[PDB]
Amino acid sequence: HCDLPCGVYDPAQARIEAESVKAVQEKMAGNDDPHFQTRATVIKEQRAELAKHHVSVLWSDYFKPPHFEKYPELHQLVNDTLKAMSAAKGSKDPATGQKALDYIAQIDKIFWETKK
């Protein structure tokens, strides 16, 4: 996932960061202190950006032409996933975090099929 290539990939890298995005969104409901709200905003932005990186790397570095041929929806799915993560950056609603997780789960499903 480091572009050597090293051969090691797992959608879990993206997933755990998206899980933290949604967890932060949920915690925002639990404490109205402005400093806490701001820290949650700062950290959500950071973790969402890492998730985008992980998703992009799966698409550019792991997935190859036979995959794109077998899964003609994959390009669009990855774009949509990244856009969902942008939407979670901009929102305090955990529904936006969850949508991104749902998209990652669709990438994950394809990833492991290609590992069999």
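For every residue, the number given is its place in the sequence shown, counted from 1.
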*Stretch exceeding the other in mean C-alpha B-factor - 47-55, 66-74*: 66-74
*If you average the Cα B factors in the entry, which is higher, 29-37 or 84-92?*
29-37
*Entry-reported Cα temperature factor of residue 98, expressed as the chain third it lands in*: highest
_Is residue 20 in the lowest, middle or highest third of its chain when residues are ranked by C-alpha B-factor?_
middle
